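Take a look at this single chain, the form deposited in one PDB entry, given in structure tokens.
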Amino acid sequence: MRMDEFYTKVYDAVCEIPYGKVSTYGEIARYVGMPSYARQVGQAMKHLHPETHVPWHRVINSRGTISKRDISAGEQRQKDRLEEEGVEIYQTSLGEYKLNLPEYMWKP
């Protein structure tokens, strides 16, 4: 399965997720049948054009945190796009962001 294919398959999927609900890199990685590949899922979400009509924000790590991203300081962007979804978000004095996973976790 050549890249671009995979790239599509993933996208088709993140359009599948419902408002408010969410998934992780781990999970989409296996959903499309390519489990060893979340790494390449962050990868796919990075490759997105910002004014995309895709729930790029509804995908976090398995720890149920927001990931770093660096070259988009406004990784923060991902948060508020989600409070615009009814999801309560906090942190630690580690000052990350976290959430009640098995609640909002997208169970298909």
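Start at 1 with the first residue shown and count on from there. The term rigid core refers to the maximal set of C-alpha atoms that superpose within 1.5 Å between the two forms.
The same protein also has a form deposited in another entry, omitted here; what follows describes it.
Undergrad: Once the core is aligned, please say if the CA of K79 is shifted by at least 2 angstroms between the shown form and the other one.
TA: False for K79: its C-alpha shift is below 2 Å.
Undergrad: Does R63 show a Cα shift reaching 2 Å between the shown form and the other one after rigid-core superposition?
TA: False for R63: its C-alpha shift is below 2 Å.
Undergrad: Relative to what we see here, could you say if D12 and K68 have their Cα atoms closer or farther apart in the other entry, with a change of 3 Å or more?
TA: Between the C-alphas of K68 and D12, the gap widens in the other entry (3 Å or more compared with this form).
Undergrad: What happens to the Cα distance from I60 to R69 in the other entry: does it get closer or farther than here, with a change of 3 angstroms or more?
TA: Farther apart, by at least 3 Å.
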